[PDB]
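Novice: What follows is run01.csv, made up of CSV, C-alpha atoms and all ligand atoms:
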chain,number,residue,atom,x,y,z
A,5,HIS,CA,194.6,189.5,297.3
A,6,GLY,CA,190.9,189.1,296.5
A,7,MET,CA,190.2,189.3,292.8
A,8,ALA,CA,193.4,191.3,292.2
A,9,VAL,CA,196.1,189.3,290.4
A,10,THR,CA,199.7,189.3,291.6
A,11,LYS,CA,203.2,188.2,290.4
A,12,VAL,CA,203.7,184.7,289.0
A,13,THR,CA,207.0,183.1,289.9
A,14,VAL,CA,208.8,180.8,287.5
A,15,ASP,CA,212.1,179.3,288.8
A,16,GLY,CA,212.8,182.4,290.9
A,17,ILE,CA,211.8,184.9,288.2
A,18,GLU,CA,208.8,187.1,288.9
A,19,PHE,CA,206.4,187.7,286.0
A,20,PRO,CA,203.9,190.5,286.2
A,21,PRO,CA,200.4,189.2,285.6
A,22,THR,CA,199.8,192.0,283.0
A,23,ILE,CA,202.0,194.2,280.9
A,24,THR,CA,200.7,197.4,279.4
A,25,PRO,CA,203.1,198.8,276.8
A,29,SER,CA,198.5,201.4,274.3
A,30,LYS,CA,196.6,198.5,275.8
A,31,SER,CA,197.2,195.8,278.5
A,32,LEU,CA,198.3,192.3,277.9
A,33,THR,CA,197.7,189.4,280.3
A,34,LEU,CA,200.1,186.6,281.2
A,35,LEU,CA,198.8,183.4,279.6
A,36,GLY,CA,201.5,181.2,280.8
A,37,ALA,CA,205.2,181.0,281.7
A,38,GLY,CA,207.8,178.2,281.7
A,39,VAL,CA,211.4,177.4,281.1
A,40,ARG,CA,213.6,176.5,278.2
A,41,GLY,CA,216.5,174.1,278.8
A,42,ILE,CA,219.4,173.4,276.6
A,43,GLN,CA,221.5,170.2,276.3
A,44,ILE,CA,225.3,170.4,276.7
A,45,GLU,CA,226.9,167.0,276.0
A,46,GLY,CA,224.8,164.7,278.2
A,47,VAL,CA,223.6,167.5,280.6
A,48,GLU,CA,220.4,169.5,280.4
A,49,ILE,CA,220.4,173.0,282.0
A,50,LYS,CA,217.7,175.6,282.4
A,51,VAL,CA,218.7,178.8,280.6
A,52,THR,CA,215.6,181.0,280.3
A,53,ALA,CA,212.3,181.7,281.7
A,54,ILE,CA,209.6,182.6,279.1
A,55,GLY,CA,206.3,184.4,279.7
A,56,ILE,CA,203.6,184.7,277.0
A,57,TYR,CA,201.3,187.7,277.1
A,58,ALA,CA,198.3,188.6,274.9
A,59,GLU,CA,195.2,190.8,275.0
A,60,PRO,CA,192.8,188.7,277.0
A,61,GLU,CA,189.3,189.5,275.8
A,62,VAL,CA,190.5,189.7,272.2
A,63,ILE,CA,192.4,186.4,272.2
A,64,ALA,CA,189.5,184.7,273.9
A,65,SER,CA,187.2,185.8,271.1
A,66,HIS,CA,189.5,184.2,268.6
A,67,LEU,CA,189.7,180.8,270.4
A,68,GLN,CA,186.0,180.2,271.2
A,69,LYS,CA,186.1,176.9,269.3
A,70,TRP,CA,188.5,175.6,272.0
A,71,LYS,CA,186.1,176.5,274.9
A,72,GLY,CA,185.3,173.6,277.3
A,73,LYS,CA,188.6,171.8,276.9
A,74,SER,CA,190.9,171.3,279.9
A,75,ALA,CA,194.6,172.2,279.8
A,76,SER,CA,195.4,168.6,279.5
A,77,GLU,CA,193.3,168.2,276.4
A,78,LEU,CA,194.6,171.4,274.9
A,79,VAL,CA,198.2,170.4,275.4
A,80,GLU,CA,197.7,167.5,273.0
A,81,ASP,CA,195.9,169.5,270.2
A,82,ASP,CA,198.8,170.9,268.1
A,83,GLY,CA,196.1,172.8,266.2
A,84,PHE,CA,195.3,174.8,269.3
A,85,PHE,CA,198.8,176.3,269.6
A,86,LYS,CA,198.8,177.0,265.9
A,87,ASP,CA,195.6,179.0,266.3
A,88,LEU,CA,197.2,180.9,269.2
A,89,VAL,CA,200.2,181.9,267.1
A,90,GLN,CA,198.1,183.0,264.1
A,91,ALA,CA,195.4,184.9,266.0
A,92,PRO,CA,195.5,188.6,264.9
A,93,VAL,CA,196.1,189.9,268.3
A,94,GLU,CA,198.9,191.7,270.0
A,95,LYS,CA,201.4,189.4,271.8
A,96,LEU,CA,204.5,189.6,273.8
A,97,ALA,CA,207.1,187.0,274.8
A,98,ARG,CA,209.2,188.0,277.7
A,99,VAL,CA,212.4,186.1,278.1
A,100,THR,CA,214.6,186.3,281.2
A,101,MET,CA,218.0,184.7,281.5
A,102,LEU,CA,218.5,182.2,284.3
A,103,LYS,CA,222.1,181.7,283.3
A,104,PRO,CA,224.6,184.0,281.5
A,105,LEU,CA,224.4,183.9,277.7
A,106,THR,CA,226.2,185.8,275.0
A,107,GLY,CA,224.0,187.1,272.3
A,108,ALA,CA,225.5,184.5,269.8
A,109,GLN,CA,224.7,181.7,272.3
A,110,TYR,CA,221.2,183.0,272.6
A,111,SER,CA,220.4,183.6,269.0
A,112,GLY,CA,222.2,180.5,267.7
A,113,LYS,CA,219.8,178.0,269.2
A,114,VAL,CA,216.7,180.1,269.1
A,115,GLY,CA,217.5,180.9,265.5
A,116,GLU,CA,218.0,177.2,264.6
A,117,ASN,CA,214.7,176.4,266.4
A,118,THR,CA,212.9,179.0,264.3
A,119,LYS,CA,214.6,177.8,261.1
A,120,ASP,CA,213.7,174.2,261.9
A,121,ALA,CA,210.0,175.2,262.4
A,122,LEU,CA,210.0,177.1,259.1
A,123,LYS,CA,211.5,174.3,257.2
A,124,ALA,CA,209.0,171.8,258.5
A,125,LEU,CA,206.2,174.1,257.2
A,126,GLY,CA,207.8,174.6,253.8
A,127,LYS,CA,208.2,178.3,254.7
A,128,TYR,CA,212.0,178.7,254.7
A,129,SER,CA,212.7,180.8,251.6
A,130,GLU,CA,215.0,183.8,250.9
A,131,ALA,CA,212.8,186.2,252.9
A,132,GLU,CA,212.8,184.1,256.1
A,133,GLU,CA,216.5,183.4,255.6
A,134,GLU,CA,217.2,187.2,255.5
A,135,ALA,CA,215.0,187.7,258.6
A,136,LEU,CA,217.1,185.1,260.4
A,137,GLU,CA,220.3,186.8,259.4
A,138,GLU,CA,218.9,190.1,260.7
A,139,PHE,CA,217.9,188.4,263.9
A,140,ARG,CA,221.4,187.0,264.5
A,141,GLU,CA,223.0,190.3,263.5
A,142,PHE,CA,221.0,192.1,266.2
A,143,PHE,CA,222.1,189.7,268.9
A,144,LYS,CA,225.7,189.2,267.7
A,145,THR,CA,227.5,191.7,270.0
A,146,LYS,CA,225.1,191.6,273.0
A,147,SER,CA,225.5,189.9,276.3
A,148,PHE,CA,222.9,188.7,278.7
A,149,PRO,CA,223.7,188.1,282.4
A,150,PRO,CA,221.2,186.4,284.6
A,151,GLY,CA,218.1,188.6,285.1
A,152,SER,CA,218.5,190.4,281.8
A,153,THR,CA,215.3,190.3,279.8
A,154,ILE,CA,214.4,190.2,276.1
A,155,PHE,CA,211.0,191.4,274.9
A,156,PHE,CA,209.6,190.0,271.7
A,157,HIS,CA,206.6,192.1,270.9
A,158,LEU,CA,204.3,191.2,268.0
A,159,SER,CA,202.3,194.5,267.7
A,160,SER,CA,200.8,192.9,264.6
A,161,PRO,CA,201.3,189.4,263.1
A,162,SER,CA,203.4,191.2,260.4
A,163,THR,CA,206.2,192.5,262.6
A,164,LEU,CA,208.5,191.4,265.5
A,165,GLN,CA,209.8,194.3,267.7
A,166,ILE,CA,212.7,193.3,269.9
A,167,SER,CA,214.0,195.2,272.9
A,168,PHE,CA,215.7,194.3,276.1
A,169,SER,CA,216.7,195.4,279.6
A,170,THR,CA,219.3,194.5,282.2
A,171,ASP,CA,216.4,193.9,284.7
A,172,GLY,CA,212.8,192.9,284.0
A,173,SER,CA,211.8,196.5,283.4
A,174,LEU,CA,210.1,197.6,280.2
A,175,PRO,CA,212.0,199.4,277.5
A,176,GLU,CA,210.4,202.6,276.0
A,177,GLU,CA,210.8,201.5,272.4
A,178,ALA,CA,211.8,198.7,270.0
A,179,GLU,CA,215.6,198.4,269.5
A,180,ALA,CA,215.3,196.3,266.3
A,181,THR,CA,212.3,195.3,264.3
A,182,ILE,CA,212.0,192.3,261.9
A,183,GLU,CA,209.3,192.7,259.3
A,184,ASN,CA,208.6,189.1,258.1
A,185,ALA,CA,205.4,187.5,259.2
A,186,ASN,CA,206.5,183.9,258.8
A,187,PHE,CA,209.7,184.4,260.8
A,188,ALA,CA,207.8,186.2,263.6
A,189,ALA,CA,205.2,183.5,263.8
A,190,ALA,CA,207.7,180.7,263.9
A,191,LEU,CA,209.8,182.5,266.5
A,192,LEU,CA,206.8,183.1,268.7
A,193,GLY,CA,205.9,179.4,268.1
A,194,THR,CA,209.2,178.5,269.6
A,195,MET,CA,208.6,180.8,272.6
A,196,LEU,CA,205.2,179.1,273.2
A,197,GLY,CA,207.3,176.0,273.4
A,198,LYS,CA,206.1,174.2,270.2
A,199,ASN,CA,208.0,171.2,268.7
A,200,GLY,CA,209.6,170.3,272.0
A,201,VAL,CA,211.3,173.6,272.8
A,202,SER,CA,209.4,174.2,276.1
A,203,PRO,CA,206.8,171.6,277.2
A,204,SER,CA,206.5,173.6,280.5
A,205,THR,CA,205.6,176.9,278.7
A,206,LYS,CA,203.2,175.1,276.5
A,207,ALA,CA,201.4,173.5,279.4
A,208,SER,CA,201.3,176.7,281.3
A,209,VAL,CA,199.8,178.6,278.3
A,210,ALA,CA,197.2,175.9,277.9
A,211,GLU,CA,196.2,176.3,281.6
A,212,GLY,CA,196.0,180.1,281.3
A,213,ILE,CA,193.9,180.0,278.2
A,214,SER,CA,191.7,177.2,279.5
A,215,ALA,CA,191.0,179.5,282.5
A,216,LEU,CA,190.5,182.5,280.2
A,217,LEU,CA,188.0,180.7,278.0
A,218,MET,CA,186.0,179.7,281.1
A,219,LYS,CA,185.9,183.2,282.5
B,1,CL,CL,219.7,174.0,285.6
B,2,CL,CL,214.3,181.7,275.0
Will you turn the file into structure tokens for me?
Specialist:
Amino acid sequence: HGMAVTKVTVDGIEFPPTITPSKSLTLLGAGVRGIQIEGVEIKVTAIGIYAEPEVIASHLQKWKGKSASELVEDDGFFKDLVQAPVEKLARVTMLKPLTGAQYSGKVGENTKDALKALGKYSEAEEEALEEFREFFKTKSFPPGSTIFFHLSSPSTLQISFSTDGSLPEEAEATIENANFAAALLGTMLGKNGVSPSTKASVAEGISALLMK
């Protein structure tokens, strides 16, 4: 379409290249998260990572001139991405049906595991995890349903969702703990083995952005 950007498809799920919830965020990358059941791995969600493009580029200048392949193997790169003081959005679409307990059980344990490794799992983060699971407890997510994790600032995680990929008008639940938010976004980026495919895709998008 010339210089216009169009939808990006991940495993049948269409991701818009930008999302404006009041400024516009660009798709940095998108991949899938699998889960293991007994000896079997299955793909359960598609994850798209969005951020303000000029702003995030200006915070990652030190990474300029590195290819996606190089960036993928610098864990310090993804850490800088998480901690950059920029608005971010993780958009999560179900590939398979999940109850809210099934969804938040594993994502919550990924987040807890990340915090513990950092020495940042204290009473505050434990309460944030409890609030997180509380929110998801009675929800259900058929294929195509979408969860939006919006970090308006690094301090707060706004959660909302829709039965299709459409944008909600407002947050449904908000978790006000910076460490928990960061670690959850970290798992959405795919850090610590959660999603190598999302990590690789975000490294490609950012490598492209830094070159622009
Ligand atoms: Cl599968
Ligand atoms: Cl997910």
Novice: Would you mind listing the residues within 12 Å of ligand CL 2 (chain B), counting all atoms listed in the file, as number ranges by chain?
Specialist: A: 37-42, 50-56, 97-103, 105, 107, 109-118, 148, 152-156, 191-197, 201-202, 205
Novice: Give me the residues near stretch 132-140 of chain A as number ranges by chain, where near means some atom within 8 Å (using all atoms listed in the file) and where sequence neighbours in that chain fewer than 2 positions away do not count.
Specialist: A: 108, 111-112, 115, 119, 127-130, 142-144, 182-184, 186-187
Novice: Pick out the closest residue to residue A:80 from this set: A:218, A:36, A:203, A:177. Count only C-alpha atoms.
Specialist: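 Selected residue with least distance to residue A:80: A:203.
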Novice: Rounded to one decimal, what separation in Å do you get between atom CA of residue A:13 and atom CA of residue A:94?
Specialist: 23.1 Å
Novice: Which of these residues is nearest to ligand CL 1 (chain B), using all atoms listed in the file: A:49, A:34, A:189, A:79?
Specialist: A:49
Novice: For the atom pair atom CA of residue A:65 and atom CA of residue A:185, what is the interatomic distance in Å to one decimal place?
Specialist: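 Computing it gives 21.8 Å between the two atoms.
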Novice: Go ahead and compute the interatomic distance for atom CA of residue A:77 and atom CA of residue A:7, in Å to one decimal.
Specialist: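 Taking atom CA of residue A:77 as the start and atom CA of residue A:7 as the end point, the length is 26.9 Å.
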Novice: Please list as number ranges by chain every residue within 12 Å of residue A:73, counting all atoms listed in the file and excluding residues in the same chain fewer than 5 positions away.
Specialist: A: 67-68, 78-81, 84, 210-218
Novice: Have a look at A:149, A:83, A:104, A:25 and name the one nearest to ligand CL 1 (chain B); count only C-alpha atoms and all ligand atoms.
Specialist: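 Answer, going by the shortest atom-to-atom distance: A:104.
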Novice: Smallest atom-to-atom distance to ligand CL 1 (chain B): which of A:75, A:209, A:47, A:188, using all atoms listed in the file?
Specialist: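 The closest residue to ligand CL 1 (chain B) is A:47.
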